[PDB]
Amino acid sequence: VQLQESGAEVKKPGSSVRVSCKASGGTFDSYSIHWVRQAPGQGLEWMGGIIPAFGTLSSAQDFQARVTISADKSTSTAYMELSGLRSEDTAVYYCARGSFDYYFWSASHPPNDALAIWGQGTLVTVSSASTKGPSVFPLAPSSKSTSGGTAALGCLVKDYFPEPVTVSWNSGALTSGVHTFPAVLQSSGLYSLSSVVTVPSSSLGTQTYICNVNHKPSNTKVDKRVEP
Amino acid sequence: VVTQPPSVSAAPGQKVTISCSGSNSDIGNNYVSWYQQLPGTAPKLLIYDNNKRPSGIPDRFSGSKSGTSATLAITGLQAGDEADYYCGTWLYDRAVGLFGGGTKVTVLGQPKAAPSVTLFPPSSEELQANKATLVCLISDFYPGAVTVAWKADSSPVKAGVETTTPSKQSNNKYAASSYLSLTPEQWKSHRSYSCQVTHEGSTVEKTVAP
Ligand SMILES: CCCSc1nc(N[C@@H]2C[C@H]2c2ccc(F)c(F)c2)c2nnn([C@@H]3C[C@H](OCCO)[C@@H](O)[C@H]3O)c2n1
């Protein structure tokens, strides 16, 4: 039902990446697996595909000599390795599962296969700048952040590299009124972002608020208590 | 390359049409599928087998093919249809996949919205690490363009200010954030600091004091 991809990472120019695609709540069976990339603010680009049941693979002409597409049958994990990494290889790497069951395939009849299930994507950043975990600071609710009624409180995720950083509240239980803002890039080359949550003003002395900051490139998770 | 128009626009409730132009070797001899990508989301399958729809996909989306050219159509164009749309093919002969350039769908006549502004002062924990950041968060504005100016008391501060580009939210409104980097000393030296947000000639100003 889902395609669980490996975490975002920085990778040095000239190095190689291996992105994992794990199927959860379902197995590869006889469906195709495809790697599709998207550079920030750019289109989708097909890289290569495999039918894990057969071990039969293909890659785009532009990647043929740098991409290695593989798959493990049982476990149900597919891999895409891309070598000689360059700044132009910075992109979100998606894995996707086809709709067609290739056990019923007849080679004289092309199938109506399409990219039915997609992974969330892993952002590979190709840079010679090294990884940095974030510094997480609480953004306390005060009378200057109150609107009635409701009250705004948040977390400041300062000086991290590379992107992304995800933020949830109360271990995912608090989803209503959450606004995680896109990061700013400082002149230092480090990023910072903020996450806010609009809660009822009356619950400020009775409800605990913790923002859960995930920085997968540094394998950091900061659970920051936001008190009044 | 499979060509798509970069931008397509229509008002709420009418019909929009997305073209996918190719050649015989790509679109011509093979099946075209359609993909939708909302901002920040992974692509989603809308149309497969030139015209068929997967489960959950509303009937407002339809697909067609005429040789080297394919078309996606949207009827009763909603606010939630504002996304990026791609056509994709599989070259059966060569065993290769190909996506068109992608089209951005913009919905016309969206009402103007005043920005919602929240300003946060430095946290005492940040101040203890001998650094200070003022956090100005801007949300629910339309059109997606604001101007941010910061002030120390009432004097203009240009240095140590980092503002993002405006970003589209899930409610088709826009958001942006501006940060003012200070030393704890400068923060305490002044009696106040302001973040002024201008949008459509009107300003929403917030203040924080030590
Ligand atoms: C060797 C590659 C196996 S992956 C594969 N995928 C097929 N369908 C792809 C999903 C659909 C698709 C649609 C739109 C896109 F934009 C996109 F990127 C992808 C597919 N259809 N036919 N085949 C045959 C199977 C056969 O390989 C197995 C024996 O070598 C080869 O002839 C392919 O052309 C597909 N394979």
# chains A, B, ... in the order shown; residues from 1 in each chain; ligands from 1
$ interface_residues --of "chain A" --to "chain B" --cutoff "7 Å" --atoms "only C-alpha atoms" --output "VMD selection string"
chain A and resid 43 to 46 58 to 60 110 112 114 to 116 118 120 137 to 139 145 184 186
$ residues_around --residues "stretch 9-25 of chain B" --least-positions-apart "5" --cutoff "8 Å" --atoms "only C-alpha atoms" --output "PyMOL selection string"
chain B and resi 1-4+30+67-79+87+91+100+103+105-109
$ closest_residue --among "B:57, B:83, B:159, B:134" --to "residue A:194" --atoms "only C-alpha atoms"
B:134
$ closest_residue --among "A:82, A:77, A:34, A:102" --to "residue A:54" --atoms "only C-alpha atoms"
A:102
$ closest_atom_pairs --of "chain A" --to "ligand 1" --cutoff "12 Å" --atoms "only C-alpha atoms and all ligand atoms" --output "Markdown table"
| residue | atom | partner | partner_atom_place_in_ligand_line | distance |
| --- | --- | --- | --- | --- |
| A:30 | CA | ligand 1 | 4 (S) | 10.5 |
| A:31 | CA | ligand 1 | 4 (S) | 8.3 |
| A:32 | CA | ligand 1 | 4 (S) | 4.9 |
| A:33 | CA | ligand 1 | 4 (S) | 6.4 |
| A:34 | CA | ligand 1 | 4 (S) | 6.7 |
| A:35 | CA | ligand 1 | 18 (F) | 8.2 |
| A:36 | CA | ligand 1 | 18 (F) | 7.3 |
| A:37 | CA | ligand 1 | 18 (F) | 10.5 |
| A:43 | CA | ligand 1 | 16 (F) | 11.7 |
| A:44 | CA | ligand 1 | 16 (F) | 8.6 |
| A:45 | CA | ligand 1 | 18 (F) | 8.0 |
| A:46 | CA | ligand 1 | 18 (F) | 5.3 |
| A:47 | CA | ligand 1 | 18 (F) | 8.1 |
| A:48 | CA | ligand 1 | 2 (C) | 7.3 |
| A:49 | CA | ligand 1 | 4 (S) | 4.3 |
| A:50 | CA | ligand 1 | 3 (C) | 4.2 |
| A:51 | CA | ligand 1 | 3 (C) | 5.0 |
| A:52 | CA | ligand 1 | 3 (C) | 8.6 |
| A:53 | CA | ligand 1 | 28 (C) | 9.8 |
| A:54 | CA | ligand 1 | 28 (C) | 7.2 |
| A:55 | CA | ligand 1 | 30 (O) | 8.4 |
| A:56 | CA | ligand 1 | 30 (O) | 4.9 |
| A:57 | CA | ligand 1 | 1 (C) | 4.0 |
| A:58 | CA | ligand 1 | 1 (C) | 4.5 |
| A:59 | CA | ligand 1 | 2 (C) | 7.8 |
| A:60 | CA | ligand 1 | 18 (F) | 10.0 |
| A:69 | CA | ligand 1 | 2 (C) | 10.2 |
| A:70 | CA | ligand 1 | 3 (C) | 11.3 |
| A:71 | CA | ligand 1 | 3 (C) | 11.8 |
| A:94 | CA | ligand 1 | 18 (F) | 11.2 |
| A:95 | CA | ligand 1 | 18 (F) | 10.5 |
| A:96 | CA | ligand 1 | 10 (C) | 8.5 |
| A:97 | CA | ligand 1 | 10 (C) | 7.6 |
| A:98 | CA | ligand 1 | 10 (C) | 5.2 |
| A:99 | CA | ligand 1 | 10 (C) | 7.6 |
| A:100 | CA | ligand 1 | 8 (N) | 7.8 |
| A:101 | CA | ligand 1 | 20 (C) | 10.3 |
| A:102 | CA | ligand 1 | 25 (C) | 7.8 |
| A:103 | CA | ligand 1 | 28 (C) | 10.7 |
| A:104 | CA | ligand 1 | 25 (C) | 11.3 |
| A:105 | CA | ligand 1 | 25 (C) | 8.0 |
| A:106 | CA | ligand 1 | 25 (C) | 9.1 |
| A:107 | CA | ligand 1 | 32 (O) | 6.9 |
| A:108 | CA | ligand 1 | 32 (O) | 9.5 |
| A:109 | CA | ligand 1 | 22 (N) | 8.9 |
| A:110 | CA | ligand 1 | 22 (N) | 5.7 |
| A:111 | CA | ligand 1 | 21 (N) | 5.5 |
| A:112 | CA | ligand 1 | 21 (N) | 7.1 |
| A:113 | CA | ligand 1 | 8 (N) | 4.5 |
| A:114 | CA | ligand 1 | 11 (C) | 4.0 |
| A:115 | CA | ligand 1 | 10 (C) | 5.2 |
| A:116 | CA | ligand 1 | 10 (C) | 8.3 |
| A:117 | CA | ligand 1 | 10 (C) | 10.4 |
| A:118 | CA | ligand 1 | 10 (C) | 11.5 |
$ residues_around --residues "residue A:161" --least-positions-apart "3" --cutoff "8 Å" --atoms "only C-alpha atoms" --output "ChimeraX atom specification"
/A:130-134,189-191,217
$ residues_around --residues "stretch 146-154 of chain A" --least-positions-apart "6" --cutoff "7 Å" --atoms "only C-alpha atoms" --output "ChimeraX atom specification"
/A:138-140,195-201
$ write_last_selection --atoms "N, CA, C and O atoms" --output "short mmCIF file (atom, residue, chain, number, x, y, z; two decimals), in the first residue's frame"
data_model
loop_
_atom_site.label_atom_id
_atom_site.label_comp_id
_atom_site.auth_asym_id
_atom_site.auth_seq_id
_atom_site.Cartn_x
_atom_site.Cartn_y
_atom_site.Cartn_z
N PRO A 138 12.14 27.31 21.63
CA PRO A 138 10.68 27.45 21.78
C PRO A 138 10.20 28.86 21.45
O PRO A 138 10.95 29.81 21.65
N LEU A 139 8.99 28.98 20.88
CA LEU A 139 8.36 30.27 20.55
C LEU A 139 7.06 30.32 21.38
O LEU A 139 5.98 29.94 20.93
N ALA A 140 7.24 30.74 22.66
CA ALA A 140 6.25 30.85 23.72
C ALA A 140 5.05 31.69 23.35
O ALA A 140 5.20 32.77 22.76
N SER A 195 7.78 26.55 12.78
CA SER A 195 6.53 25.79 12.83
C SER A 195 5.64 26.45 13.89
O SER A 195 6.07 26.62 15.01
N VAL A 196 4.42 26.80 13.54
CA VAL A 196 3.47 27.39 14.50
C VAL A 196 2.23 26.56 14.60
O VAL A 196 1.90 25.82 13.68
N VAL A 197 1.56 26.66 15.73
CA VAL A 197 0.31 25.99 15.99
C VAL A 197 -0.61 26.97 16.72
O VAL A 197 -0.16 27.66 17.64
N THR A 198 -1.85 27.09 16.23
CA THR A 198 -2.92 27.96 16.74
C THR A 198 -3.80 27.06 17.61
O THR A 198 -4.46 26.16 17.09
N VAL A 199 -3.75 27.28 18.94
CA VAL A 199 -4.46 26.45 19.94
C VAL A 199 -5.52 27.26 20.75
O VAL A 199 -5.51 28.48 20.65
N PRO A 200 -6.41 26.65 21.57
CA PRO A 200 -7.31 27.49 22.38
C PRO A 200 -6.52 28.12 23.52
O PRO A 200 -5.75 27.44 24.18
N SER A 201 -6.68 29.45 23.70
CA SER A 201 -6.03 30.26 24.74
C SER A 201 -6.19 29.69 26.18
O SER A 201 -5.26 29.79 26.99
#
$ residues_around --residues "residue A:18" --least-positions-apart "5" --cutoff "7 Å" --atoms "only C-alpha atoms" --output "PyMOL selection string"
chain A and resi 79-82
$ decode --residues "stretch 81-92 of chain B" --atoms "N, CA and C atoms" --output "compact mmCIF listing (two decimals), in the first residue's frame"
# COMPACT_ATOMS: atom_id res chain seq x y z
N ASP B 81 -8.02 22.08 -7.47
CA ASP B 81 -7.44 21.54 -8.70
C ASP B 81 -6.15 22.27 -9.09
N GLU B 82 -5.87 23.39 -8.39
CA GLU B 82 -4.67 24.20 -8.54
C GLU B 82 -3.45 23.34 -8.24
N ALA B 83 -2.80 22.83 -9.29
CA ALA B 83 -1.65 21.94 -9.16
C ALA B 83 -0.80 21.93 -10.42
N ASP B 84 0.20 21.04 -10.42
CA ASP B 84 1.07 20.80 -11.56
C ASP B 84 0.55 19.49 -12.17
N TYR B 85 0.44 19.42 -13.49
CA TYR B 85 -0.08 18.23 -14.17
C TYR B 85 0.92 17.73 -15.18
N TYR B 86 1.22 16.42 -15.17
CA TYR B 86 2.16 15.84 -16.13
C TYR B 86 1.54 14.73 -16.95
N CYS B 87 1.91 14.66 -18.22
CA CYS B 87 1.57 13.48 -19.00
C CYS B 87 2.82 12.60 -18.96
N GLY B 88 2.61 11.30 -18.92
CA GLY B 88 3.68 10.32 -18.91
C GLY B 88 3.37 9.20 -19.87
N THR B 89 4.40 8.66 -20.56
CA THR B 89 4.29 7.52 -21.49
C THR B 89 5.32 6.49 -21.16
N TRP B 90 5.07 5.28 -21.63
CA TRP B 90 6.03 4.21 -21.61
C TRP B 90 6.33 3.84 -23.07
N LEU B 91 7.60 3.94 -23.51
CA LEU B 91 7.99 3.54 -24.88
C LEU B 91 8.18 2.03 -24.82
N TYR B 92 7.12 1.27 -25.17
CA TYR B 92 7.12 -0.21 -25.10
C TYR B 92 8.29 -0.87 -25.86
